[PDB]
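There are 2 protein chains.
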Amino acid sequence: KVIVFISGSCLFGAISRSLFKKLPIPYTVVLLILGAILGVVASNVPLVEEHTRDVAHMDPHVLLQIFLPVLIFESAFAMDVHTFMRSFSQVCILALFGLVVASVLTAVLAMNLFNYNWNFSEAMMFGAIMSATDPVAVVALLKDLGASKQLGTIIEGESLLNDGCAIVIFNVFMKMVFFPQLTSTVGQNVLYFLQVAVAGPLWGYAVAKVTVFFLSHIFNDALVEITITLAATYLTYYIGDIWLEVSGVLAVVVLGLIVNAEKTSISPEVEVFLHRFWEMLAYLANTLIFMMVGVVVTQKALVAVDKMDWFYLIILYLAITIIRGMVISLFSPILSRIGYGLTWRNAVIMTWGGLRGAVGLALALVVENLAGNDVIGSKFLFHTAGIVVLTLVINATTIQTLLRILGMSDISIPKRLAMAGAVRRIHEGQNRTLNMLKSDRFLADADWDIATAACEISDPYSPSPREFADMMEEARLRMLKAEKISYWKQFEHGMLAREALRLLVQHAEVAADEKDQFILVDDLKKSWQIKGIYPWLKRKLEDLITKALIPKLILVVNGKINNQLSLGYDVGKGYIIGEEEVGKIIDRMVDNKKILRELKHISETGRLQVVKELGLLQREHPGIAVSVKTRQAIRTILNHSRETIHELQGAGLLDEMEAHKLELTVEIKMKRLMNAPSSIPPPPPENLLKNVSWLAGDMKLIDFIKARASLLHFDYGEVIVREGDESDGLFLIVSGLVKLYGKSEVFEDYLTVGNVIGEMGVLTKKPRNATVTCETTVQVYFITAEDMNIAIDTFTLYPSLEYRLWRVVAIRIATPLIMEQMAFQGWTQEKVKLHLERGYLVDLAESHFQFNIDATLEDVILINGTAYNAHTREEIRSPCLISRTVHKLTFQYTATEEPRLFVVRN
Amino acid sequence: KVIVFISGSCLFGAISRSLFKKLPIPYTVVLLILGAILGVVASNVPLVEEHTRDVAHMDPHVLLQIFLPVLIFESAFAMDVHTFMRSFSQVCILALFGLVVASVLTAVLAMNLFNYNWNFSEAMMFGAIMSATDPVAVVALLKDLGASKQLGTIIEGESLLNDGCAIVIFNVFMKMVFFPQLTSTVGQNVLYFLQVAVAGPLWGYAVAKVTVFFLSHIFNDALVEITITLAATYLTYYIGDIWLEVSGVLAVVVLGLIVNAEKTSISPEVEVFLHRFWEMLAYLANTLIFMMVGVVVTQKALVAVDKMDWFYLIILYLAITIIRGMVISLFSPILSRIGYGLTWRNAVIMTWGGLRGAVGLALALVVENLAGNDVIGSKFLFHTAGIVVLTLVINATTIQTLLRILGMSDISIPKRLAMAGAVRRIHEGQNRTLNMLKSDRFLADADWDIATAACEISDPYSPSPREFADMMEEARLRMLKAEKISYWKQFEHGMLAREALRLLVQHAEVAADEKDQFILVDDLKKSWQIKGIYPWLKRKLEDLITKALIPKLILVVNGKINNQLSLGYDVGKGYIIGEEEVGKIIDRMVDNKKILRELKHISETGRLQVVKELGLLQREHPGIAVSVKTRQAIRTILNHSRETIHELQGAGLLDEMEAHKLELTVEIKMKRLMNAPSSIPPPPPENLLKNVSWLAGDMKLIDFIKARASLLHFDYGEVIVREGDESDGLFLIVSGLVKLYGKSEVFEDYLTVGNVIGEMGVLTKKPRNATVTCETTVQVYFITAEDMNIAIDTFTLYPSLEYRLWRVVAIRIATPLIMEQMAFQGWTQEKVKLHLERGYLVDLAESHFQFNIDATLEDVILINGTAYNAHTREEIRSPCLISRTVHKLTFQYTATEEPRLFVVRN
Ligand SMILES: Nc1ncnc2c1ncn2[C@@H]1O[C@@H]2COP(=O)(O)O[C@H]2[C@H]1O
Ligand SMILES: Nc1ncnc2c1ncn2[C@@H]1O[C@@H]2COP(=O)(O)O[C@H]2[C@H]1O
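Quick mapping for you: the protein sequence lines, in order, are chains A and B. With the deposited numbering applied, the first sequence corresponds to residues 76 to 537, 570 to 652, 814 to 1012, 1030 to 1191, in that order. With the deposited numbering applied, the second sequence corresponds to residues 76 to 537, 570 to 652, 814 to 1012, 1030 to 1191, in that order.
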């Protein structure tokens, strides 16, 4: 009968976890005491003796084949795989060297110390016991208050690889000790070790790949994914166990890593459910095994008490701590030299990071029960129980004190300021809306004291060289926060990628940490491109290149390099847009001329270098650029569409059912975006004919233009037309970036594909008024003046296309004037562009040469012509924007030009 | 060895579920066929017969104690408890009558038909086998295309109660048949039946209450809830089974119902994880048992084939169908008479809803295996397998055809129009944002054909009496859609409750069903107030009123009646708001005078009745009104706060860590709102002294006013002041609603608590200009003119309070004038109120009697005084709003009044 024991264990674990969670000490100790308490009555009363003797006397096989695989698979499941594989090499090498040296040193000191009549096998398996560790508690504290990510991942990898090597070493030595009937020839031993090392992971990789391929063809379902995944994990464990009593754990760890790595073939609800399932199983097993070890140690170790071991436990603890410290200190400088070193803080927090856990105690139980009636088992269990109960509390409190005294988990002034500002805005909004609500009729009888008590929130965070140094430091912090606020902004609109975001912000902090320093480019230079071992191996293999695999290998190689290329182009675009924003916003923050001009100069210099390198890599491969541009466009369209549908739901136009259905349709489209192939096809120069906005809807005119245009090419830094020269014709820019300067104070700007050149000269039969110079090798289509007359003829009875053309020629001239206006002060190009789009162009014929000016219109600008005022009678040279005091405007008949104007009504 | 059997079971279930899901036929029979296939190859090969013999000949005990509890607990878990308890009485009586009459008729026809040498017990247990049914398939089809909720709930309840009664009857009679050694004295039998009926549900209720109480004290945790809930369910099942072979299933069903009923003590993620867990377990058991029955029937029934039973199966099917149809038809008129009847469509959809499922087949396996080597078990298994395989496919195809031909699942024109409009808005938004994006620099090289192909979405839904009748019908539909669009709006801003929302919209739907009809009031009359059995019993018990329970009983009674009171007041408020809004908006939809005036008259009439009854119930209990008002206020403040923090996240001002933290703080506050006690304390008339906006911050003046004001009371429909009479003084309205009419065309309006009366007369030393009449018994505070002079004295060096007073007296006069303005055409009171709040009042001293008028100001209005124009020199009687052509305004020195003006700048 076992029900009462398991139920009591669950209840005690729940109550302890609830009660004792406030203190930083892990709960696991106190329940251990409960087990000891039970031992006190276990001998005393026959009843509890009956129950605990029924349970505690279990076979070692059940523990060895059940409790360990669950624990290790849990330790391997909940882990950011990407952060792991970004530090895999250093974490694995350091972990395995550290574990082997720790094991051998503690074994030889055990030989030197106890004078126990032991072979080297006992010592080395003892060392394998103390080599293991528990990462759940330390990562729990770090997620509680440490506020660091990389530290948790590296300590997790440390613990995981340590546990794997420890368990294989222990199992093989247990076989070799307690089953002496087996031969130990070298060939079978090395063959066994090699197949343990290799075949397991390959078997796990194969089963993971095939089950992911199976899952890839199932959509909008929930049950089949869970059932298939659980069945696959069990079959993997069963095969890997029947072949080897070790290979199962490594195979299932590899399976867990691979399954976690995949994301797009498994919906998020499935993975959150699986995460919770495995976490619950691990928690239950951990609680049961801790209570079990508590009762067995308090009922066995009472007969082997003396001062000798009670004094030697302390020196054992000091020994393991000092050896771990010296080995990691010895490996610090080589990691620094290789370019993968850490700080003092990381080293010292890793130094006291080793927390012995359930794995070592499980090994203690299995060796104790398998050893039979002997003093060795009692000594083993007492030693490991004492060492774990000591090290848990001591190392927990020293981590707490160390985190306080070194204080890397301190708060920073900038984020405190940001939180204070956010709370200010929230409380202001609350005040405004409650003041609005107070005026309502029905909602006036409410007592507002309890209201303002309940609704209110709280902040959770609560000449000289010296002056020049501190002001440039605070300017450095201000440009840092301007950068990071910008980067968060473009990510939120949907202009950039999440991993690109984290890479770029971590570049931000690492630039921030250095004194009087900002973001460099050598780190970026290595960031966007790759000269490593992967490009060399891939180029040499594709140059030197059973038949069908090779195309698959080369295509997956091209995919794996294009991914890095895309990420690099993305981070370049994000960095450049961030620089231009911070430079354009910081121009009025401070008045110290030298600092502002020097920072603007270095920002401009870096801008030039990054745009130069970006142009170089763009010329290397345009297809990746067009692919990422399309991906960006679809991302942002989907984002804005989902915002619009949420808004439409907000006005109540839809029941929740159809909103839910359309949300799923949008989510399906986004999921298809994730699996969009990174194809790199350059677009032909003929699709753009249909993509012109003001040539849209005219197939006949498009064909005529294709039959009446000349392809023109220009080299780097060439000039097409110059200011004041005769109108050579009309052009459409279709490749490259171009610069333009003219009379507006000479204005200068840069335009790109999607513009017409020489429109004013063709419309007015007038020479050039500005100079256009191409910045690189470009191509355009040129249209002659006779072809322009033919186009005017082919306008026929639809000059609304010509009306849109006149709208564009008004767009050319109005936006600089609207920018130089007080009513649109501080207005972005998007704001003004979305403003005048709703406006309409007007002629003088529909007004019969006389217009009345009302207050309905918001803005009005006339381009050219002969217009007079009816009341003021003042000759004003158009374009000219004045106040709305003028009410009537008179017009005359002119033949040299056609007078028109534009109105925007709000 | 059974591993290959279970693994193949899972694989076949997954592939059959995935492949065959498109067709309306349930997947199950497909795998059934596979089981049959296995049978015919089971005899072929020793290996397969070895495996199938190993697994198939399990004990009856394992199936009876494992498979059934899981299946019934799943059937009882996934269910809306509220919709169940709103139809509990009818569903339970109908289910139990139907099952008992079905069982007895099947038994007697079995005696008349087969001529099998059977006692009556075999006949009735055999009949009880097909009394059960499966609801998962039919609810699956209904959620697929039926688009009905109540039908699924009622058929689920029918199936659940049918299964419970069937299983208890079967258990007791299999015990009585196959164990004849037991005595059948009447006393023990009736005692056993009564205790099975009662003690089980009470045991489940007790354990559910105690475990919910235990869970109520644990916050921000995930593991302990899951572990405690699962442990509680297991202990309940174990105790219920050890006490009685039947009571376990009923006890755990009650436990599942109660646990599902509670929501606020368990976070949503725990609830969804538990649902997925139990669903997966049920699916696994169902698949295994179906393929198991398939193989056993195809390997046993091959030896008992003849034309006889093969002919009698059809008439057995016809018999069960006709008896179910006739009994439900017989119960239709009595349910109609009692007031709980259903339509023809509901009756016929219930008629063909009976789908035999896994429960009957499990009973078949247990009776077959327990019967041993006999012809009876083969006959039972063949009969039930044939009847289920027939009924599933036949009733599925006929239910599909019936849904098609009767077409209650048809689409309606209004929602088709709504979806069309929504699709139009989404597509136009996409076009606008892509046209905006086309202008950007970097995002110009993308080929937009693939872009517009990928981003595009599609609609998923793709004189005479006759003319008078159709136009009034279309007006009826238009007012219906206006109402429902309103109610969705008030719910979405957070002004109403979800269950109140669904209640109101189902009233709207059932009113819409009737021809030339709209929403009545008698249905509302029973909706808000309750005259049922509960108020009578609660009144009699509290009047007639081991010691400590009675206060708990009376308090929970008061809570359970105040809940209904709150819901009624809520639905009244929602309906009055909705009818007012639709009456406001429909005034310009149509031009036919008689229909519009008649509908507006009946709407106003119903408005008068509902406001009268609402005032009556408010006078009955004011405390519930103040409680619900406070709850409404906190709800809407929290809603707007979450909106603005999402907005702040949108501008990138916050990392999503702190956004997540603040979201949890808001969620904690909202959860505390859920558990807010419905206390009903009326507010004292003294807190409002501190709650005056323009008396805020002046404790000394508040104390002075409390020492210099008179409490005044008025009866129903009384008059305080009249237009043209002398200024009696100054008042502050602090109780009730009041009406006011004056000269603006006489304006009339209604004001409430939070206003001052006679301000203009006190400021100007002038008599009344409008008449104020109270609509009910009201109370105010009155201030004399000498006290007004004392208040002016106590203004001291802070007349900014008097400036706010002048802002209020400008609020009085400006809003009717701003309403009568073209620039604010179509503007709501919220819009204008949020408009002029940012404005500022101005005097003539700071301008030195001369003001220059710029374009920065958006609006300007002068109240009174002697102002002249510098340029126009036109005498304009203030207040008067004109165009901004005036640039300079001159002022003089006046002693009889103080001239001031107000400006709003945009
Ligand atoms: N404000 C402006 N914005 C954009 N393009 C312009 C502007 N002013 C002049 N241009 C272009 O510069 C060209 C100079 O010669 P054209 O007059 O032939 O046609 C002119 C336009 O194409
Ligand atoms: N437009 C208005 N809005 C609100 N209250 C008003 C308005 N016009 C007049 N009153 C009130 O009606 C009162 C009539 O007499 P009094 O002039 O003493 O003070 C006046 C104000 O309190």
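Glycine included, every Cβ here is placed at the ideal spot set by N, Cα and C.
Item: Is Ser995/B a contact residue of ligand 2, with contact defined as CB to any heavy atom under 7 Å?; Value: yes
Item: Can you give me the Cβ contacts of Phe1109/A inside the same chain, cut-off strictly under 7 Å, excluding the 5 residues immediately before and after it?; Value: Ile1103 and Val1117
Item: For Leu864/A, which residues from the same chain have a beta carbon less than 7 Å from its beta carbon, with the 5 sequence-adjacent residues on both sides left out?; Value: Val858
Item: Among the candidates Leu1008/A, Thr459/A, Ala203/A and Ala326/A, whose CA atom is the shortest distance from the CA of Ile389/A?; Value: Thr459/A
Item: Between the C-alpha atoms of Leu611/B and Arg903/B, what's the straight-line distance to the nearest angstrom?; Value: 20 Å
Item: Following a CB-centred definition, is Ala1076/B positioned closer than 7 Å to any heavy atom of ligand 2?; Value: no
Item: Taking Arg420/B as the reference, which of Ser404/B, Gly435/B, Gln374/B and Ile845/B has the closest Cα?; Value: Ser404/B
Item: Hey, which unbroken runs of the alpha helix (DSSP H) at 4 residues or more fall wholly within the region 444-532 of chain A?; Value: 450-481, 488-513 and 523-530
Item: Are the CB atoms of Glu300/A and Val345/A within a distance shorter than 8 Å?; Value: yes
Item: Could you tell me whether the region 1081-1096 of chain B touches the region 1033-1045 of chain B, using the rule of 3 or more Cβ pairs below 8 Å?; Value: yes
Item: Which residue's Cα is closest to the Cα of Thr473/B: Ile1148/B, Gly827/B, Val423/B and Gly461/B?; Value: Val423/B
Item: Whose Cβ in chain A lies nearer than 9 Å to the Cβ of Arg585/B?; Value: Per Cβ cutoff of 9 Å: no residues; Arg585/B is ~15 Å from chain A at best.
Item: Does the beta carbon of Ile988/A fall short of 7 Å from some heavy atom of ligand 1?; Value: no
Item: Can you give me the C-alpha to C-alpha distance between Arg399/A and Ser234/A, rounded to a whole angstrom?; Value: 13 Å
Item: If you draw a straight line from the alpha carbon of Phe95/A to that of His928/A, how long is it in whole angstroms?; Value: 42 Å
Item: What does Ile592/A touch in chain B if you count any residue whose Cβ is under 8 Å from its own?; Value: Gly920 and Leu921
Item: In the DSSP output, which residue or residues are listed as bridge partners for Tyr1066/A?; Value: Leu979/A and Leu1000/A
Item: CB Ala1055/A to CB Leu1008/A, shorter than 8 Å?; Value: yes
Item: Compute the beta-carbon to beta-carbon distance between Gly432/B and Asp209/B, rounded to the nearest angstrom, for a pair I have assumed lies under 8 Å.; Value: 2 Å
Item: Taking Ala977/A as the reference, give the member of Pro953/A, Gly874/A, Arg1097/A and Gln140/A with the closest Cα.; Value: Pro953/A
Item: Quick one: is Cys1165/B buried, meaning 16 or more other Cβ sit within 10 Å of its Cβ, or exposed?; Value: exposed
Item: Whole angstroms are fine: how far does the CA of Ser162/B sit from the CA of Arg412/B?; Value: 16 Å
Item: With a 10 Å radius around its C-beta and 16 neighbouring C-beta atoms as the bar for buried, classify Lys841/B as buried or exposed.; Value: buried
Item: Which residue or residues does DSSP assign as beta-bridge partners of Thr1058/A?; Value: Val987/A and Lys1007/A
Item: Quick check: the Cα distance between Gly1124/A and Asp1144/A, rounded to an integer number of angstroms?; Value: 9 Å
Item: By a C-beta neighbour count over all protein chains shown, 10 Å radius and 16 as the cutoff for buried, is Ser537/B buried or exposed?; Value: exposed
Item: Strictly below 9 Å CB to CB, what residues from chain B border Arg92/A?; Value: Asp296, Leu298 and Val299
Item: Hey, quick one: how far does the alpha helix (DSSP H) through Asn830/B stretch, first residue to last?; Value: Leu817 to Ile853
Item: The region 494-524 of chain A: which residues have C-beta closer than 8 Å to a C-beta of chain B, in chain order?; Value: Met494, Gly496, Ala497, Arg500, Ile501, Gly504, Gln505, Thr508, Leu509, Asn510, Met511, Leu512, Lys513, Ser514, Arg516, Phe517, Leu518, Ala519, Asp520, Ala521, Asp522, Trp523 and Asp524
Item: In terms of residues, what are the limits of the alpha helix (DSSP H) holding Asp971/B?; Value: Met967 to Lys974
Item: Pull up the distance between the alpha-carbon of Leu1082/B and that of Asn1074/B, whole angstroms please.; Value: 15 Å
Item: Among the residues of its own chain, which have a CB less than 7 Å from the CB of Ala307/B, if the five just before and after it don't count?; Value: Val282 and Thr286
Item: DSSP on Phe1032/B, reduced to helix/strand/coil?; Value: strand
Item: Using beta carbons (cut-off 8 Å, strictly below), is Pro951/A in contact with chain B?; Value: yes
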